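Asker: There's a structure below that I have some questions on.
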Amino acid sequence: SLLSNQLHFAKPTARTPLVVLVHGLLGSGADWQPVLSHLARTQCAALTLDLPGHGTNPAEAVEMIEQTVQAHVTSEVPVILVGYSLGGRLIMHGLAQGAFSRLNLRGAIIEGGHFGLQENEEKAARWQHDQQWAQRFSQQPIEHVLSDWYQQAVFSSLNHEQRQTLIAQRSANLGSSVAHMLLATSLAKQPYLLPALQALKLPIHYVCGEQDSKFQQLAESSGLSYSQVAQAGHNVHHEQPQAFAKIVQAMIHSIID
C-alpha cells in the first residue's frame with residue numbers, strides 16, 4: 001500500500017534529485033501544479049503524494065510517506081522533502097523521530113509547519129479548537145465550513161476571489177475524512193520538534209509569507225535558515241509559485257551540479 005502518488009519530469013537518479021512535495025490539510029498533490037510548472041526548467045524529478053483522507057481517493061502517515069518515497073528511489077538518489085503546513089509538520093516529525101533514515105536525504109523545506117506547542121494549557125485549547133472544526137467538517141455542509149476555514153488569520157493575505165476559488169476547489173473533499181486526519185494529527189498531540197531539528201546535520205529551510213504574522217514569528221524565532229516571501233501569507237506555493245520554485249531550485253543547486 002502506497003499513498004496516491006505521481007512522479008514528474010524525470011527518472012530520479014544520483015544525478016537528478018527527487019523533490020517530494022507533501023500538501024497540507026484539505027489539499028492534494030494537485031496543489032503543487034503551479035510550482036511544478038516553474039520547477040520543470042530545473043533538472044530534478046518530483047513526487048507528489050496525497051495524504052490519507054485526501055485526493056480523488058479519500059507515526060502512520062509518516063510511515064506511509066516514507067514508504068511511498070522509498071518506492072521511487074534507491075539509496076543513491078538524493079532526496080529533498082518539501083511540506084506545506086500539516087505536510088511540513090509530518091516531515092518535521094519524521095525527521096525528529098529518525099523515520100527517513102533509509103533515504104539519502106539531502107535537505108528539507110518546510111512551508112508554514114508548526115514546531116509544536118510548549119505548554120499543556122495551549123495543547124488543551126488546541127484540542128478543543130481542532131475538535132470543534134472536526135465536528136463541523138463531520139456534519140455541516142463543507143462549503144459553509146470552508147468559508148470559515150478560509151477566514152483564519154493565516155489566510156489574511158488572500159482576497160475574496162482567491163478565497164472563493166479555494167472554497168470551490170476544496171469542496172470536493174470528504175468532510176469526515178478531513179475531520180479524522182485533523183484530529184489524528186492535531187497540533188495538540190505534537191511533541192515540540194525544534195530542538196531535535198536544530199540538532200540534525202540535514203539542512204532544513206523554513207518558508208513563510210511576510211503577511212502571515214503567526215508563522216513569520218515562528219520562522220524568525222526558530223534559529224533555522226528561512227525565506228520570508230513578500231506578498232504572500234501562509235500558502236506561499238499558491239500565492240507566489242515562482243518565488244517558491246526558486247527556493248526549491250536553490251536547494252537542488254546546493255546539492256548537485
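To be explicit about the labels: the chains of the C-alpha cells are called A, B, and onward in the order shown, and within each one the residues are counted from 1, while ligands get numbers from 1 in the order they are shown.
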Identify, on the basis of only C-alpha atoms, every residue whose closest approach to residue 25 of chain A does not exceed 8 Å; exclude the query and any residue fewer than 2 positions from it along the same chain; express the result as a compact mmCIF listing (two decimals) with N, CA, C and O atoms, in the first residue's frame.
Answerer:
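Done, and the output landed in selection-v2.txt:
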# COMPACT_ATOMS: atom_id res chain seq x y z
N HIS A 23 1.45 18.08 0.52
CA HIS A 23 0.46 19.12 0.73
C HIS A 23 -0.05 19.16 2.19
O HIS A 23 0.38 18.38 3.05
N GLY A 27 -5.87 19.78 1.07
CA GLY A 27 -5.24 19.88 -0.24
C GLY A 27 -5.08 18.51 -0.87
O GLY A 27 -5.67 17.51 -0.44
N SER A 85 2.49 23.19 5.62
CA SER A 85 1.53 23.22 6.72
C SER A 85 1.52 21.83 7.40
O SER A 85 2.57 21.38 7.85
N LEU A 86 0.40 21.11 7.50
CA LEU A 86 0.44 19.74 8.06
C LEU A 86 1.52 18.85 7.42
O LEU A 86 2.20 18.07 8.12
N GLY A 87 1.70 18.98 6.11
CA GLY A 87 2.69 18.21 5.38
C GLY A 87 4.07 18.51 5.90
O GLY A 87 4.89 17.61 6.08
N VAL A 178 -11.47 14.42 6.21
CA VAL A 178 -10.75 15.61 6.66
C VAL A 178 -10.73 15.68 8.18
O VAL A 178 -9.67 15.84 8.79
N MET A 181 -8.38 13.10 9.84
CA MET A 181 -6.98 13.49 9.67
C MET A 181 -6.61 14.67 10.58
O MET A 181 -5.54 14.67 11.19
N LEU A 182 -7.51 15.63 10.68
CA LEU A 182 -7.32 16.82 11.53
C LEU A 182 -7.02 16.38 12.96
O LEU A 182 -5.99 16.73 13.53
Asker: Could you please write out, as a ChimeraX atom specification, every residue of segment 57-163 of chain A that DSSP assigns to strand (DSSP E or B)?
Answerer: /A:78-84,104-111
Asker: Go ahead and save the residues from that selection, with C-alpha atoms, as a compact mmCIF listing (two decimals), in the first residue's frame.
Answerer:
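As written to disk, part_5.txt reads:
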# COMPACT_ATOMS: atom_id res chain seq x y z
CA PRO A 78 19.41 12.39 -3.19
CA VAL A 79 16.02 13.37 -1.77
CA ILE A 80 14.58 16.74 -0.73
CA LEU A 81 11.42 16.70 1.35
CA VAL A 82 9.06 19.66 0.96
CA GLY A 83 5.99 20.04 3.11
CA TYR A 84 3.27 22.60 3.43
CA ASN A 104 19.53 9.61 1.11
CA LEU A 105 18.01 12.82 2.47
CA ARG A 106 19.89 15.89 1.44
CA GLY A 107 17.51 18.64 2.52
CA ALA A 108 14.10 19.68 3.80
CA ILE A 109 11.92 22.68 3.04
CA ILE A 110 9.13 23.42 5.48
CA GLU A 111 6.43 25.89 4.44
Asker: May I have the residues within 7 Å of segment 189-199 of chain A as a list in words, using only C-alpha atoms and disregarding those fewer than 4 positions away in the same chain?
Answerer: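 In the requested form, the answer reads residues 93, 96, 115, 116, 117 and 118 of chain A.
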Asker: Those selected residues, please, written with C-alpha atoms and delivered as a short mmCIF file (atom, residue, chain, number, x, y, z; two decimals), in the first residue's frame.
Answerer:
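This went into again_30.cif:
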data_model
loop_
_atom_site.label_atom_id
_atom_site.label_comp_id
_atom_site.auth_asym_id
_atom_site.auth_seq_id
_atom_site.Cartn_x
_atom_site.Cartn_y
_atom_site.Cartn_z
CA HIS A 93 8.03 14.82 12.96
CA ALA A 96 12.80 14.31 14.66
CA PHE A 115 7.07 23.14 15.51
CA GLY A 116 4.57 22.36 18.27
CA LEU A 117 3.07 23.95 21.40
CA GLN A 118 5.14 24.01 24.57
#
Asker: What is the atom CA of residue 10 of chain A to atom CA of residue 253 of chain A distance in Å?
Answerer: 16.5 Å
Asker: What is the distance between atom CA of residue 174 of chain A and atom CA of residue 56 of chain A, in Å to one decimal?
Answerer: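 Here the two named atoms are 9.6 Å from each other.
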Asker: Hey, what's within 9 Å of residue 69 of chain A if we count only C-alpha atoms and toss same-chain stuff fewer than 2 positions away? As a PDB file with N, CA and C atoms, in the first residue's frame, please?
Answerer:
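Now in around-v5.pdb:
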ATOM      1  N   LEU A  18      15.317  13.764  -6.277  1.00  0.00           N
ATOM      2  CA  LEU A  18      13.886  13.705  -6.118  1.00  0.00           C
ATOM      3  C   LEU A  18      13.384  14.717  -5.109  1.00  0.00           C
ATOM      4  N   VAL A  20      10.282  15.670  -3.111  1.00  0.00           N
ATOM      5  CA  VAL A  20       8.997  15.121  -2.614  1.00  0.00           C
ATOM      6  C   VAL A  20       8.178  16.274  -2.108  1.00  0.00           C
ATOM      7  N   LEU A  47       7.987  14.186  -6.867  1.00  0.00           N
ATOM      8  CA  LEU A  47       6.964  13.218  -6.494  1.00  0.00           C
ATOM      9  C   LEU A  47       5.901  13.956  -5.705  1.00  0.00           C
ATOM     10  N   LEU A  49       2.224  13.493  -3.688  1.00  0.00           N
ATOM     11  CA  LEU A  49       1.593  12.420  -2.913  1.00  0.00           C
ATOM     12  C   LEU A  49       0.308  12.973  -2.358  1.00  0.00           C
ATOM     13  N   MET A  64       3.889   6.036   5.904  1.00  0.00           N
ATOM     14  CA  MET A  64       3.351   5.871   4.565  1.00  0.00           C
ATOM     15  C   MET A  64       4.021   6.836   3.611  1.00  0.00           C
ATOM     16  N   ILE A  65       4.347   8.041   4.097  1.00  0.00           N
ATOM     17  CA  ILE A  65       5.157   8.967   3.280  1.00  0.00           C
ATOM     18  C   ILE A  65       6.505   8.350   2.985  1.00  0.00           C
ATOM     19  N   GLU A  66       7.177   7.828   4.014  1.00  0.00           N
ATOM     20  CA  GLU A  66       8.497   7.214   3.825  1.00  0.00           C
ATOM     21  C   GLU A  66       8.459   6.052   2.828  1.00  0.00           C
ATOM     22  N   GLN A  67       7.436   5.215   2.962  1.00  0.00           N
ATOM     23  CA  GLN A  67       7.285   4.035   2.102  1.00  0.00           C
ATOM     24  C   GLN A  67       7.024   4.432   0.652  1.00  0.00           C
ATOM     25  N   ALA A  71       9.591   3.807  -2.488  1.00  0.00           N
ATOM     26  CA  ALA A  71       9.171   3.063  -3.683  1.00  0.00           C
ATOM     27  C   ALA A  71       9.648   3.687  -4.995  1.00  0.00           C
ATOM     28  N   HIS A  72      10.180   4.921  -4.932  1.00  0.00           N
ATOM     29  CA  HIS A  72      10.593   5.655  -6.141  1.00  0.00           C
ATOM     30  C   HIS A  72      12.069   5.895  -6.219  1.00  0.00           C
ATOM     31  N   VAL A  73      12.821   5.442  -5.220  1.00  0.00           N
ATOM     32  CA  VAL A  73      14.241   5.700  -5.188  1.00  0.00           C
ATOM     33  C   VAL A  73      15.072   4.457  -4.850  1.00  0.00           C
ATOM     34  N   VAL A  79      17.394  13.039  -1.978  1.00  0.00           N
ATOM     35  CA  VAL A  79      16.020  13.369  -1.773  1.00  0.00           C
ATOM     36  C   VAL A  79      15.901  14.690  -0.992  1.00  0.00           C
ATOM     37  N   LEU A 103      16.407   6.684   3.558  1.00  0.00           N
ATOM     38  CA  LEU A 103      16.534   7.570   2.386  1.00  0.00           C
ATOM     39  C   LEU A 103      17.814   8.414   2.436  1.00  0.00           C
TER      40      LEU A 103
END
Asker: Considering only C-alpha atoms, return as a VMD selection string whatever protein or nucleic-acid residues lie within 12 Å of residue 16 of chain A, sequence-local ones (same chain, fewer than 4 positions apart) excluded.
Answerer: chain A and resid 8 to 12 42 to 46 73 76 to 80 252 to 253 255 to 257
Asker: Residues as selected, N, CA and C atoms, written as a tab-separated table (two decimals), in the first residue's frame, can you do that?
Answerer:
chain	number	residue	atom	x	y	z
A	8	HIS	N	6.99	13.18	-11.53
A	8	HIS	CA	7.07	14.23	-12.55
A	8	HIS	C	8.48	14.43	-13.08
A	9	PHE	N	8.53	14.85	-14.34
A	9	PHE	CA	9.74	15.31	-15.04
A	9	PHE	C	10.70	14.26	-15.57
A	10	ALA	N	11.22	13.42	-14.69
A	10	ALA	CA	12.40	12.58	-14.97
A	10	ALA	C	12.55	11.44	-14.01
A	11	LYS	N	13.36	10.48	-14.43
A	11	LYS	CA	13.83	9.41	-13.57
A	11	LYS	C	14.71	9.96	-12.45
A	12	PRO	N	14.36	9.64	-11.19
A	12	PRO	CA	15.30	10.00	-10.11
A	12	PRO	C	16.56	9.19	-10.17
A	42	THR	N	14.32	22.99	-14.12
A	42	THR	CA	15.44	22.58	-13.27
A	42	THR	C	15.56	21.06	-13.35
A	43	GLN	N	16.77	20.55	-13.55
A	43	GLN	CA	16.97	19.10	-13.56
A	43	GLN	C	16.68	18.54	-12.16
A	44	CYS	N	15.54	17.88	-12.06
A	44	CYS	CA	15.12	17.14	-10.88
A	44	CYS	C	13.96	16.23	-11.32
A	45	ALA	N	13.59	15.33	-10.42
A	45	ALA	CA	12.37	14.58	-10.50
A	45	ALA	C	11.55	15.11	-9.33
A	46	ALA	N	10.25	15.08	-9.45
A	46	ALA	CA	9.39	15.45	-8.35
A	46	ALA	C	8.36	14.37	-8.12
A	73	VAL	N	12.82	5.44	-5.22
A	73	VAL	CA	14.24	5.70	-5.19
A	73	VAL	C	15.07	4.46	-4.85
A	76	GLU	N	21.08	5.58	-3.62
A	76	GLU	CA	21.94	6.57	-4.26
A	76	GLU	C	21.25	7.90	-4.60
A	77	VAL	N	19.92	7.91	-4.60
A	77	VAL	CA	19.19	9.09	-5.11
A	77	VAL	C	19.08	10.12	-3.99
A	78	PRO	N	19.61	11.34	-4.21
A	78	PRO	CA	19.41	12.39	-3.19
A	78	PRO	C	17.95	12.86	-3.18
A	79	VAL	N	17.39	13.04	-1.98
A	79	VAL	CA	16.02	13.37	-1.77
A	79	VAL	C	15.90	14.69	-0.99
A	80	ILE	N	14.95	15.51	-1.42
A	80	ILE	CA	14.58	16.74	-0.73
A	80	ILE	C	13.13	16.58	-0.39
A	252	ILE	N	18.15	22.46	-4.67
A	252	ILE	CA	18.63	21.49	-5.68
A	252	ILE	C	20.08	21.90	-6.15
A	253	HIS	N	20.25	23.18	-6.50
A	253	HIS	CA	21.57	23.70	-6.95
A	253	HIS	C	22.65	23.45	-5.89
A	255	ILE	N	22.87	20.90	-3.94
A	255	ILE	CA	23.21	19.52	-3.71
A	255	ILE	C	23.85	18.78	-4.88
A	256	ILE	N	23.61	19.24	-6.11
A	256	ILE	CA	24.19	18.63	-7.31
A	256	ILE	C	24.67	19.68	-8.31
A	257	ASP	N	25.56	19.26	-9.21
A	257	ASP	CA	25.94	20.05	-10.38
A	257	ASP	C	25.18	19.56	-11.63
Asker: Given the choices A:75, A:171, A:157, A:185, which gets closest to residue 141 of chain A if the distance is worked out from only C-alpha atoms?
Answerer: A:171
Asker: Nearest residue to residue 242 of chain A out of A:132, A:5, A:37, A:222, using only C-alpha atoms?
Answerer: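 For residue 242 of chain A, the nearest of the candidates is A:37.
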Asker: List every residue of segment 162-204 of chain A that DSSP, applied to the backbone of this structure, places in helix (DSSP H, G or I), and write the result as a ChimeraX atom specification.
Answerer: /A:162-170,175-184,187-189,194-198
Asker: How many Å lie between atom CA of residue 208 of chain A and atom CA of residue 34 of chain A, rounded to one decimal?
Answerer: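 Going from atom CA of residue 208 of chain A over to atom CA of residue 34 of chain A, I get 17.6 Å.
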Asker: Compare A:7, A:26, A:59, A:168 by their minimum atom-to-atom distance to residue 180 of chain A, counting only C-alpha atoms, and give me the closest one.
Answerer: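 Nearest to residue 180 of chain A: A:26.
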Asker: Return the single residue from A:2, A:200, A:61, A:30 that is closest to residue 170 of chain A, with distances computed using only C-alpha atoms.
Answerer: A:30
Asker: I'd like the neighbourhood of residue 246 of chain A as a ChimeraX atom specification, where a residue qualifies if any of its atoms comes within 12 Å (using only C-alpha atoms), though same-chain residues fewer than 6 positions away should be ignored.
Answerer: /A:35-42,207,227,229,236-237,240,252-253
Asker: Using only C-alpha atoms, pick whichever of A:179, A:232, A:204, A:95 has the shortest atom-to-atom distance to residue 159 of chain A.
Answerer: A:232
Asker: So, counting only C-alpha atoms, which residue among A:213, A:134, A:202, A:119 is closest to residue 98 of chain A?
Answerer: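 Closest residue, counting only C-alpha atoms: A:202.
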